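Asker: Have a peek at upload.cif (mmCIF, C-alpha atoms and all ligand atoms).
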```cif
data_protein
#
loop_
_atom_site.label_atom_id
_atom_site.label_comp_id
_atom_site.auth_asym_id
_atom_site.auth_seq_id
_atom_site.Cartn_x
_atom_site.Cartn_y
_atom_site.Cartn_z
CA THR A 5 0.00 0.00 0.00
CA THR A 6 1.41 3.38 -1.07
CA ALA A 7 1.65 6.24 1.46
CA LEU A 8 0.85 9.81 0.43
CA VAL A 9 2.84 12.91 1.30
CA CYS A 10 1.16 16.33 1.21
CA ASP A 11 3.11 19.51 1.94
CA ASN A 12 0.55 22.22 2.67
CA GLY A 13 2.27 25.41 1.49
CA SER A 14 1.03 29.03 1.64
CA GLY A 15 1.73 29.34 -2.03
CA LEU A 16 1.89 25.79 -3.40
CA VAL A 17 0.67 22.39 -2.40
CA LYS A 18 3.31 19.74 -3.13
CA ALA A 19 1.75 16.26 -3.10
CA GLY A 20 2.66 12.76 -4.15
CA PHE A 21 3.60 9.23 -3.21
CA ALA A 22 6.12 8.19 -0.58
CA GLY A 23 9.14 6.61 -2.24
CA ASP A 24 9.03 8.85 -5.30
CA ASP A 25 11.86 11.40 -5.76
CA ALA A 26 9.56 14.37 -6.44
CA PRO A 27 5.97 15.45 -5.88
CA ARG A 28 3.60 14.37 -8.66
CA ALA A 29 1.33 17.34 -8.01
CA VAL A 30 2.35 20.97 -7.50
CA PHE A 31 -0.40 23.57 -7.59
CA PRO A 32 -1.42 26.92 -6.11
CA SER A 33 -2.96 26.84 -2.64
CA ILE A 34 -6.08 28.68 -3.80
CA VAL A 35 -9.77 27.71 -3.66
CA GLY A 36 -12.32 29.48 -5.86
CA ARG A 37 -15.87 29.50 -4.54
CA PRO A 38 -18.90 30.50 -6.57
CA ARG A 39 -19.87 34.14 -6.16
CA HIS A 40 -23.11 34.12 -4.14
CA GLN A 41 -26.33 34.52 -6.16
CA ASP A 51 -19.13 24.43 -8.28
CA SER A 52 -15.77 25.17 -6.56
CA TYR A 53 -12.29 25.04 -8.11
CA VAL A 54 -8.76 24.66 -6.78
CA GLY A 55 -5.39 25.80 -8.13
CA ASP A 56 -4.80 27.05 -11.67
CA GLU A 57 -8.45 26.52 -12.68
CA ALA A 58 -9.60 28.67 -9.75
CA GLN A 59 -7.30 31.48 -10.93
CA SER A 60 -8.40 31.01 -14.56
CA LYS A 61 -12.09 31.32 -13.60
CA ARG A 62 -11.62 34.07 -10.96
CA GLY A 63 -14.17 36.29 -12.78
CA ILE A 64 -16.99 34.01 -11.60
CA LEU A 65 -15.44 32.99 -8.26
CA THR A 66 -14.28 34.34 -4.95
CA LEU A 67 -10.68 33.30 -4.29
CA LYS A 68 -9.71 31.93 -0.90
CA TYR A 69 -6.24 31.46 0.56
CA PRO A 70 -6.64 28.94 3.39
CA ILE A 71 -2.93 28.71 4.30
CA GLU A 72 -1.62 32.05 5.56
CA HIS A 73 1.98 32.36 6.64
CA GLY A 74 2.08 28.59 6.75
CA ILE A 75 -0.88 28.15 9.10
CA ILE A 76 -4.17 26.64 7.96
CA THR A 77 -6.88 29.21 8.77
CA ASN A 78 -9.98 28.01 6.91
CA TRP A 79 -10.84 24.36 7.34
CA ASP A 80 -13.69 24.18 4.84
CA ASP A 81 -11.42 25.61 2.15
CA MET A 82 -8.58 23.34 3.25
CA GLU A 83 -10.89 20.33 2.92
CA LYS A 84 -11.48 21.42 -0.71
CA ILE A 85 -7.71 21.60 -1.29
CA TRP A 86 -7.23 18.12 0.16
CA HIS A 87 -10.20 16.72 -1.78
CA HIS A 88 -8.67 18.13 -4.97
CA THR A 89 -5.27 16.71 -4.02
CA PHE A 90 -6.58 13.17 -3.50
CA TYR A 91 -9.19 12.89 -6.21
CA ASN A 92 -8.14 15.24 -9.01
CA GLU A 93 -4.36 15.38 -8.74
CA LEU A 94 -3.22 12.01 -7.31
CA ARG A 95 -6.33 10.07 -8.37
CA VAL A 96 -6.49 8.00 -5.19
CA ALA A 97 -9.11 7.12 -2.60
CA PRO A 98 -7.73 8.53 0.66
CA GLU A 99 -9.34 5.77 2.71
CA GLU A 100 -6.83 3.41 1.05
CA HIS A 101 -3.58 5.28 1.90
CA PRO A 102 -1.63 6.32 5.00
CA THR A 103 -1.16 10.09 4.63
CA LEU A 104 1.71 12.22 5.90
CA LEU A 105 0.85 15.91 6.16
CA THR A 106 3.22 18.78 6.87
CA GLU A 107 2.83 21.73 9.20
CA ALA A 108 4.65 24.96 9.86
CA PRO A 109 6.99 25.41 12.78
CA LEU A 110 5.11 26.56 15.91
CA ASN A 111 1.77 25.27 14.61
CA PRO A 112 -0.76 25.45 17.47
CA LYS A 113 -1.72 22.12 19.07
CA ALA A 114 -5.41 22.69 18.22
CA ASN A 115 -4.50 23.15 14.58
CA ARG A 116 -2.66 19.80 14.36
CA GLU A 117 -5.64 18.21 16.11
CA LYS A 118 -8.06 19.68 13.57
CA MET A 119 -5.89 18.42 10.67
CA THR A 120 -6.05 14.97 12.29
CA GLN A 121 -9.81 15.10 12.83
CA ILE A 122 -10.41 16.02 9.19
CA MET A 123 -8.14 13.29 7.83
CA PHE A 124 -9.88 10.60 9.89
CA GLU A 125 -13.48 11.83 9.99
CA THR A 126 -13.80 13.51 6.60
CA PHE A 127 -11.39 11.50 4.45
CA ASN A 128 -11.35 8.24 6.46
CA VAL A 129 -7.60 7.72 5.98
CA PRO A 130 -6.38 4.45 7.53
CA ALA A 131 -3.44 6.22 9.16
CA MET A 132 -1.70 9.58 9.19
CA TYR A 133 1.08 11.68 10.67
CA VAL A 134 1.92 15.38 10.79
CA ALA A 135 5.57 16.44 10.48
CA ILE A 136 7.21 19.85 10.74
CA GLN A 137 8.26 21.18 7.35
CA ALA A 138 11.80 22.30 8.26
CA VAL A 139 12.51 18.98 9.99
CA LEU A 140 11.65 17.12 6.79
CA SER A 141 13.98 19.37 4.80
CA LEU A 142 16.83 18.48 7.17
CA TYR A 143 16.16 14.77 6.63
CA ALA A 144 16.19 15.34 2.86
CA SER A 145 19.75 16.72 3.24
CA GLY A 146 20.86 13.45 4.88
CA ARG A 147 21.14 14.91 8.39
CA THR A 148 19.38 14.72 11.76
CA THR A 149 21.26 17.65 13.37
CA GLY A 150 21.43 21.10 11.80
CA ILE A 151 19.65 24.41 11.44
CA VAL A 152 17.21 24.88 8.57
CA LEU A 153 16.34 28.18 6.93
CA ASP A 154 13.01 27.41 5.25
CA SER A 155 11.65 30.27 3.17
CA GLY A 156 8.57 29.74 1.05
CA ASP A 157 5.80 31.98 -0.27
CA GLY A 158 4.22 32.97 3.03
CA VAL A 159 6.70 32.62 5.85
CA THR A 160 10.36 32.14 6.70
CA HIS A 161 11.67 30.16 9.68
CA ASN A 162 14.96 29.30 11.27
CA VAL A 163 14.57 25.83 12.84
CA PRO A 164 17.44 24.30 14.82
CA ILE A 165 17.16 20.52 15.05
CA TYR A 166 19.09 18.13 17.30
CA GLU A 167 19.10 14.34 17.01
CA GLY A 168 16.05 14.43 14.74
CA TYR A 169 13.83 16.90 16.63
CA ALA A 170 13.17 20.61 16.30
CA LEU A 171 14.03 22.72 19.32
CA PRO A 172 10.87 24.83 19.56
CA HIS A 173 12.19 27.37 22.07
CA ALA A 174 14.91 28.35 19.53
CA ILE A 175 12.76 28.62 16.40
CA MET A 176 12.76 32.06 14.79
CA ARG A 177 10.13 33.36 12.34
CA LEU A 178 10.44 36.14 9.76
CA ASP A 179 7.05 37.36 8.64
CA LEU A 180 8.21 37.85 5.03
CA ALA A 181 8.85 35.42 2.20
CA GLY A 182 8.31 34.99 -1.53
CA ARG A 183 4.96 36.80 -1.84
CA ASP A 184 6.39 39.86 -0.16
CA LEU A 185 9.37 39.82 -2.50
CA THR A 186 7.05 39.60 -5.52
CA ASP A 187 5.00 42.48 -4.14
CA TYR A 188 8.15 44.54 -3.60
CA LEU A 189 9.37 43.95 -7.14
CA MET A 190 5.92 44.91 -8.36
CA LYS A 191 6.19 48.18 -6.44
CA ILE A 192 9.67 48.93 -7.81
CA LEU A 193 8.64 48.24 -11.42
CA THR A 194 5.35 50.14 -11.03
CA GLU A 195 7.19 53.24 -9.84
CA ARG A 196 9.36 53.00 -12.99
CA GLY A 197 6.23 53.29 -15.18
CA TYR A 198 5.27 49.63 -15.71
CA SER A 199 1.97 49.17 -13.88
CA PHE A 200 1.83 45.80 -12.15
CA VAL A 201 -1.12 45.67 -9.73
CA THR A 202 -3.58 42.98 -10.89
CA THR A 203 -3.27 39.18 -10.61
CA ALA A 204 -2.30 38.64 -14.28
CA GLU A 205 0.36 41.35 -13.88
CA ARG A 206 1.46 39.79 -10.62
CA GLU A 207 2.21 36.45 -12.25
CA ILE A 208 4.51 38.21 -14.69
CA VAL A 209 6.38 39.93 -11.86
CA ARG A 210 6.69 36.60 -10.00
CA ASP A 211 8.26 35.16 -13.13
CA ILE A 212 10.66 38.11 -13.52
CA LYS A 213 11.68 37.62 -9.87
CA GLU A 214 12.33 33.91 -10.24
CA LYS A 215 14.19 34.25 -13.52
CA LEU A 216 16.31 37.37 -13.01
CA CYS A 217 16.76 38.18 -9.32
CA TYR A 218 19.80 37.24 -7.27
CA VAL A 219 21.41 37.96 -3.91
CA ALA A 220 24.43 40.28 -3.94
CA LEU A 221 27.50 39.19 -2.01
CA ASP A 222 28.07 42.80 -0.95
CA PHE A 223 25.01 45.01 -1.47
CA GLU A 224 26.81 48.37 -1.48
CA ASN A 225 29.45 47.09 -3.94
CA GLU A 226 26.73 45.70 -6.18
CA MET A 227 24.83 49.02 -6.16
CA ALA A 228 28.05 50.75 -7.22
CA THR A 229 28.56 48.26 -10.04
CA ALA A 230 25.01 48.70 -11.29
CA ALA A 231 25.37 52.50 -11.16
CA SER A 232 28.56 52.52 -13.25
CA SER A 233 28.10 49.74 -15.81
CA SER A 234 25.47 47.88 -17.77
CA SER A 235 27.12 44.57 -16.85
CA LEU A 236 24.32 43.51 -14.45
CA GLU A 237 21.46 44.38 -16.78
CA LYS A 238 18.98 41.78 -17.99
CA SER A 239 15.99 42.18 -20.24
CA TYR A 240 12.59 40.51 -20.12
CA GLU A 241 9.79 40.61 -22.71
CA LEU A 242 6.37 41.34 -21.21
CA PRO A 243 3.20 39.74 -22.59
CA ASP A 244 2.33 43.09 -24.29
CA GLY A 245 5.63 42.93 -26.21
CA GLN A 246 7.41 45.62 -24.18
CA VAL A 247 10.96 44.69 -23.22
CA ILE A 248 11.84 45.76 -19.68
CA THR A 249 15.47 46.01 -18.60
CA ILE A 250 16.43 45.70 -14.94
CA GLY A 251 19.78 46.03 -13.19
CA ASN A 252 19.85 46.87 -9.49
CA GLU A 253 16.24 45.71 -9.12
CA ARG A 254 17.60 42.19 -9.66
CA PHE A 255 19.34 42.20 -6.28
CA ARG A 256 17.44 44.94 -4.42
CA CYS A 257 14.36 42.71 -4.34
CA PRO A 258 15.84 39.73 -2.45
CA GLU A 259 18.10 42.04 -0.41
CA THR A 260 14.89 42.50 1.60
CA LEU A 261 15.53 39.08 3.16
CA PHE A 262 18.67 40.53 4.78
CA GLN A 263 17.20 44.08 5.22
CA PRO A 264 13.46 43.81 5.95
CA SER A 265 13.40 47.61 6.34
CA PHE A 266 13.23 47.69 2.51
CA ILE A 267 9.50 46.89 2.87
CA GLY A 268 9.04 48.81 6.14
CA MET A 269 9.55 45.91 8.55
CA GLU A 270 11.56 46.41 11.74
CA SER A 271 12.55 42.75 11.79
CA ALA A 272 16.00 41.23 11.86
CA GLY A 273 17.14 39.82 8.50
CA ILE A 274 17.58 36.11 7.79
CA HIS A 275 21.26 36.09 8.69
CA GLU A 276 20.51 37.64 12.08
CA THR A 277 17.61 35.31 12.77
CA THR A 278 19.84 32.34 11.88
CA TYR A 279 22.47 33.54 14.35
CA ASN A 280 19.89 34.38 17.03
CA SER A 281 18.38 30.91 16.67
CA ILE A 282 21.77 29.23 17.10
CA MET A 283 22.33 31.41 20.20
CA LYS A 284 19.09 30.15 21.80
CA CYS A 285 20.46 26.62 21.56
CA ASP A 286 22.57 24.69 23.99
CA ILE A 287 26.07 26.06 23.82
CA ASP A 288 27.27 22.42 23.35
CA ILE A 289 25.46 21.96 19.99
CA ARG A 290 26.18 25.33 18.32
CA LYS A 291 29.32 24.10 16.61
CA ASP A 292 27.26 21.41 14.84
CA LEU A 293 24.54 23.91 13.88
CA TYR A 294 27.05 26.35 12.37
CA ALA A 295 28.50 23.53 10.24
CA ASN A 296 25.04 22.37 9.08
CA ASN A 297 22.93 25.34 7.93
CA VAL A 298 20.52 23.84 5.39
CA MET A 299 18.53 26.08 3.00
CA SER A 300 15.09 24.99 1.83
CA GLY A 301 12.10 26.43 0.02
CA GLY A 302 11.52 28.39 -3.13
CA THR A 303 12.68 31.70 -1.69
CA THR A 304 16.12 30.20 -1.04
CA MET A 305 16.57 29.63 -4.79
CA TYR A 306 18.19 33.03 -5.54
CA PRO A 307 21.67 32.70 -7.04
CA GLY A 308 24.21 33.97 -4.50
CA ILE A 309 22.15 33.35 -1.38
CA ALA A 310 24.37 30.59 0.11
CA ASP A 311 27.52 32.66 -0.43
CA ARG A 312 25.89 35.70 1.17
CA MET A 313 24.70 33.62 4.13
CA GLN A 314 28.22 32.17 4.54
CA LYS A 315 29.64 35.71 4.65
CA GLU A 316 27.06 37.11 7.04
CA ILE A 317 27.15 34.20 9.50
CA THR A 318 30.96 34.32 9.41
CA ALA A 319 30.80 37.98 10.49
CA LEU A 320 28.50 37.19 13.44
CA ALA A 321 30.07 33.91 14.63
CA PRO A 322 33.24 33.33 16.65
CA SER A 323 36.33 33.82 14.46
CA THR A 324 37.42 30.17 14.69
CA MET A 325 33.99 28.70 13.84
CA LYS A 326 33.57 26.34 10.90
CA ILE A 327 30.51 27.48 8.96
CA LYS A 328 28.84 25.62 6.12
CA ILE A 329 25.72 26.41 4.14
CA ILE A 330 24.09 23.47 2.35
CA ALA A 331 21.75 24.52 -0.47
CA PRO A 332 20.61 21.37 -2.29
CA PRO A 333 19.66 21.82 -5.97
CA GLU A 334 16.26 20.22 -5.31
CA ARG A 335 15.48 22.50 -2.36
CA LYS A 336 12.22 23.89 -3.80
CA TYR A 337 10.85 20.45 -2.88
CA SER A 338 13.07 19.44 0.08
CA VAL A 339 10.18 19.44 2.53
CA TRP A 340 8.16 17.07 0.35
CA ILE A 341 11.23 14.91 -0.35
CA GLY A 342 11.99 14.59 3.34
CA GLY A 343 8.41 13.44 3.88
CA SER A 344 8.80 10.87 1.14
CA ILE A 345 12.00 9.56 2.75
CA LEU A 346 10.54 9.49 6.26
CA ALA A 347 7.25 7.84 5.26
CA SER A 348 9.27 5.14 3.42
CA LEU A 349 11.40 4.11 6.41
CA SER A 350 10.54 0.70 7.80
CA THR A 351 11.01 2.09 11.32
CA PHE A 352 8.49 4.88 10.63
CA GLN A 353 5.62 2.45 10.03
CA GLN A 354 5.07 2.03 13.81
CA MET A 355 4.78 5.83 14.12
CA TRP A 356 1.70 6.31 11.93
CA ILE A 357 -1.37 7.23 13.96
CA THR A 358 -3.98 4.65 13.00
CA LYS A 359 -7.74 5.13 12.69
CA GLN A 360 -8.13 2.54 15.48
CA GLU A 361 -5.99 4.64 17.79
CA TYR A 362 -7.97 7.74 16.80
CA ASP A 363 -11.30 5.99 17.47
CA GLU A 364 -10.01 5.00 20.91
CA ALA A 365 -8.32 8.30 21.91
CA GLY A 366 -9.45 11.20 19.67
CA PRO A 367 -7.33 13.94 17.95
CA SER A 368 -5.06 14.48 21.01
CA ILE A 369 -3.13 11.30 20.04
CA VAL A 370 -1.37 13.34 17.31
CA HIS A 371 1.00 14.97 19.85
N1 LIG B 1 13.97 30.33 -8.68
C1 LIG B 1 13.36 31.09 -7.74
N2 LIG B 1 13.85 32.26 -7.27
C2 LIG B 1 13.22 33.00 -6.36
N3 LIG B 1 12.04 32.67 -5.80
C3 LIG B 1 11.46 31.51 -6.19
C4 LIG B 1 12.09 30.65 -7.19
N4 LIG B 1 11.30 29.59 -7.37
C5 LIG B 1 10.24 29.75 -6.56
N5 LIG B 1 10.33 30.89 -5.86
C6 LIG B 1 9.36 31.40 -4.90
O1 LIG B 1 9.17 30.46 -3.85
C7 LIG B 1 7.82 30.58 -3.40
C8 LIG B 1 7.25 29.17 -3.41
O2 LIG B 1 8.10 28.40 -2.57
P1 LIG B 1 7.55 27.17 -1.70
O3 LIG B 1 6.76 26.21 -2.54
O4 LIG B 1 8.73 26.69 -0.90
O5 LIG B 1 6.52 27.95 -0.71
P2 LIG B 1 5.33 27.31 0.16
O6 LIG B 1 5.83 26.04 0.76
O7 LIG B 1 4.09 27.24 -0.66
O8 LIG B 1 5.19 28.47 1.26
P3 LIG B 1 5.35 28.47 2.88
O9 LIG B 1 6.28 27.30 3.25
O10 LIG B 1 5.89 29.86 3.08
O11 LIG B 1 3.95 28.30 3.43
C9 LIG B 1 7.11 31.58 -4.31
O12 LIG B 1 7.09 32.89 -3.73
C10 LIG B 1 8.00 31.59 -5.54
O13 LIG B 1 7.89 32.79 -6.32
CA CA B 2 6.82 25.46 2.47
#
```
Could you take the file, read its structure, and then write that structure out as structure tokens?
Ligand SMILES: Nc1ncnc2c1ncn2[C@@H]1O[C@H](COP(=O)(O)OP(=O)(O)OP(=O)(O)O)[C@@H](O)[C@H]1O
Ligand SMILES: [Ca+2]
Answerer:
Amino acid sequence: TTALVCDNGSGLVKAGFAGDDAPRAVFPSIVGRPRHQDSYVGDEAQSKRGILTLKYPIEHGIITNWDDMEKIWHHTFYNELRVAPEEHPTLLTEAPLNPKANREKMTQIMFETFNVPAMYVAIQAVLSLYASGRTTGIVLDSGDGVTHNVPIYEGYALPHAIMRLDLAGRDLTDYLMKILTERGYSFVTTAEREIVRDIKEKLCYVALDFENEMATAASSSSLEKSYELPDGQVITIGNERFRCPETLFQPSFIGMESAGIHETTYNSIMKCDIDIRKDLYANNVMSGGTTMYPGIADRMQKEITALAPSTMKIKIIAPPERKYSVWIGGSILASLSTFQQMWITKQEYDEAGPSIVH
């Protein structure tokens, strides 16, 4: 019997079968409901938005509308994976610091609505660590909705040391939209937004030294790249390429007072037992789509080096497949023979209720 793995992202659901190397299904975490006086999920919801009301049930990584989430899961099982959920153990993911009641509700829905035979809920960043071949390290997981630093020791997250940056890929897209709009290219609508998201993913990068890179862009065309818009206009960008993701290191760029991702990484390590910090510094694993920017590992290496003790060995691991590391880690975990005893079964649920999930 094949187990399912579903990574419930703010931006994208990644779903598939345990044992596979990649998720079979990747689609936007959007539900379209009929306008009042029949529902759609993903690309089709966006396509038909003129007759629907769009819902975003995963906000900053936390599931906030259960009826809409049920529609996403229904779509995942029946339309994307083409399975009957009552026939498959199902591993779901959750954000770091997910409230206990939320995990319990996820469990209730899986058993009572979908009648899964068994299930488990794992923390996203922990799965990404496993996908890197490690059980000790500190993960920087940055997706569409939220960014976390999650230090992990001997296979388990250390919740007291988790840090959360309330900015991720959507904010970076929005910021690039603002920058390009001010330059005379109006990007405000959803169709325009998708174009800006694509520009971001294709052309943006993280500068090793932001001030140096600004100087280069001011004095040369060497950093310029062009992009043809759907209306046939060709837009050229230079410093916008690296100003956009610089926001991860300087959240003040979008008016946030927060520490940048290098600082939150360091702060997280400093909340951990002094005896494990050496191992965390040597095992900083990057996951999620917003860690895909060229240059980000080298910048992280530089910034952590500046904050850490001078003798400290620092290593950033940024796997090529890291857009899907969470899902992959779930696939690996759910495939382990020793994990099979860890599934919560429907029998156990019937006996004990949702609280069993902790
Ligand atoms: N090559 C790339 N460069 C920059 N950003 C990218 C790239 N590829 C994807 N992204 C961004 O990554 C985000 C999607 O990443 P991911 O699937 O990890 O997020 P998620 O799991 O849905 O969100 P979260 O974990 O925050 O709830 C989007 O904002 C997308 O634009
Ligand atoms: Ca994610």
Asker: Extract, using only C-alpha atoms, all DNA, RNA and protein residues at most 7 Å from region 131-137 of chain A, discarding same-chain residues fewer than 6 positions from it, and format them as an NGL selection string.
Answerer: :A and (102-109 or 339 or 356-359)
Asker: So the first atom is CA of residue 298 (chain A) and the second is CA of residue 329 (chain A); what is the distance between them in Å, to one decimal place?
Answerer: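 About the pair CA of residue 298 (chain A) and CA of residue 329 (chain A): they are 5.9 Å apart.
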Asker: Using Å and a single decimal, report how far CA of residue 281 (chain A) sits from CA of residue 118 (chain A).
Answerer: 28.9 Å
Asker: Can you work out the spacing between CA of residue 201 (chain A) and CA of residue 253 (chain A) in Å, to one decimal?
Answerer: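 Distance reported for this atom pair: 17.4 Å.
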Asker: Dump the neighbourhood of ligand CA 2 (chain B) as a list in words: all residues within 7 Å, distances computed on all atoms listed in the file.
Answerer: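 Within the 7 Å cut-off, the matching residues are residues 13, 14, 137, 155, 156, 301 and 339 of chain A.
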Asker: Distance limit 8 Å, reference ligand LIG 1 (chain B), atoms considered: only C-alpha atoms and all ligand atoms. Which residues make the cut? Give them as a PyMOL selection string.
Answerer: chain A and resi 11-18+32-33+71-75+108+137+154-160+181-186+210-211+213-215+217-218+300-307+336-337
Asker: For residue 190 (chain A), please output as a CSV table (one decimal) with C-alpha atoms, in the coordinates of the input all residues within 9 Å (counting all atoms listed in the file; exclusion window: fewer than 5 positions along the same chain).
Answerer:
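What ended up in selection17.csv:
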```
chain,number,residue,atom,x,y,z
A,185,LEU,CA,9.4,39.8,-2.5
A,195,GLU,CA,7.2,53.2,-9.8
A,198,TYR,CA,5.3,49.6,-15.7
A,199,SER,CA,2.0,49.2,-13.9
A,200,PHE,CA,1.8,45.8,-12.2
A,201,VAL,CA,-1.1,45.7,-9.7
A,205,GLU,CA,0.4,41.4,-13.9
A,206,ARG,CA,1.5,39.8,-10.6
A,209,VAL,CA,6.4,39.9,-11.9
A,210,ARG,CA,6.7,36.6,-10.0
```
Asker: Rank nothing, just name the residue among A:338, A:346, A:315, A:77 nearest to residue 114 (chain A), using only C-alpha atoms.
Answerer: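 Nearest to residue 114 (chain A): A:77.
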Asker: Would you list the residues near (-8.7, 9.8, 18.6) (no more than 12 Å away, in the coordinates of the file, using all atoms listed in the file) as a ChimeraX atom specification?
Answerer: /A:117-118,120-125,131-132,357-371
Asker: Can you spit out the residues from that selection as a PDB file, in the coordinates of the input, using C-alpha atoms?
Answerer:
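That gives us again.pdb:
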```
ATOM      1  CA  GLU A 117      -5.640  18.210  16.110  1.00  0.00           C
ATOM      2  CA  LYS A 118      -8.060  19.680  13.570  1.00  0.00           C
ATOM      3  CA  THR A 120      -6.050  14.970  12.290  1.00  0.00           C
ATOM      4  CA  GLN A 121      -9.810  15.100  12.830  1.00  0.00           C
ATOM      5  CA  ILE A 122     -10.410  16.020   9.190  1.00  0.00           C
ATOM      6  CA  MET A 123      -8.140  13.290   7.830  1.00  0.00           C
ATOM      7  CA  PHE A 124      -9.880  10.600   9.890  1.00  0.00           C
ATOM      8  CA  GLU A 125     -13.480  11.830   9.990  1.00  0.00           C
ATOM      9  CA  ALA A 131      -3.440   6.220   9.160  1.00  0.00           C
ATOM     10  CA  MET A 132      -1.700   9.580   9.190  1.00  0.00           C
ATOM     11  CA  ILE A 357      -1.370   7.230  13.960  1.00  0.00           C
ATOM     12  CA  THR A 358      -3.980   4.650  13.000  1.00  0.00           C
ATOM     13  CA  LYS A 359      -7.740   5.130  12.690  1.00  0.00           C
ATOM     14  CA  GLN A 360      -8.130   2.540  15.480  1.00  0.00           C
ATOM     15  CA  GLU A 361      -5.990   4.640  17.790  1.00  0.00           C
ATOM     16  CA  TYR A 362      -7.970   7.740  16.800  1.00  0.00           C
ATOM     17  CA  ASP A 363     -11.300   5.990  17.470  1.00  0.00           C
ATOM     18  CA  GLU A 364     -10.010   5.000  20.910  1.00  0.00           C
ATOM     19  CA  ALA A 365      -8.320   8.300  21.910  1.00  0.00           C
ATOM     20  CA  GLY A 366      -9.450  11.200  19.670  1.00  0.00           C
ATOM     21  CA  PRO A 367      -7.330  13.940  17.950  1.00  0.00           C
ATOM     22  CA  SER A 368      -5.060  14.480  21.010  1.00  0.00           C
ATOM     23  CA  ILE A 369      -3.130  11.300  20.040  1.00  0.00           C
ATOM     24  CA  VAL A 370      -1.370  13.340  17.310  1.00  0.00           C
ATOM     25  CA  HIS A 371       1.000  14.970  19.850  1.00  0.00           C
TER      26      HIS A 371
END
```
Asker: Which one of A:53, A:314, A:119, A:36 sits closest to residue 79 (chain A) if you count all atoms listed in the file?
Answerer: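 Comparing A:53, A:314, A:119, A:36 against residue 79 (chain A), the winner is A:119.
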Asker: Mind listing as a PyMOL selection string all residues within 6 Å of (14.4, 9.2, -2.5), counting all atoms listed in the file?
Answerer: chain A and resi 23+25+345
Asker: Specify the axis-aligned box that encloses all atoms of region 245-257 of chain A listed in the file after padding of 6 Å on each side, stating its centre and edge lengths in Å to one decimal as lines of an AutoDock Vina configuration file.
Answerer:
```
center_x = 12.7
center_y = 44.5
center_z = -15.3
size_x = 26.2
size_y = 16.7
size_z = 33.9
```
Asker: Here is a test: counting only C-alpha atoms, which residue of A:70, A:55, A:150, A:197 is nearest to residue 92 (chain A)?
Answerer: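 Closest residue, counting only C-alpha atoms: A:55.
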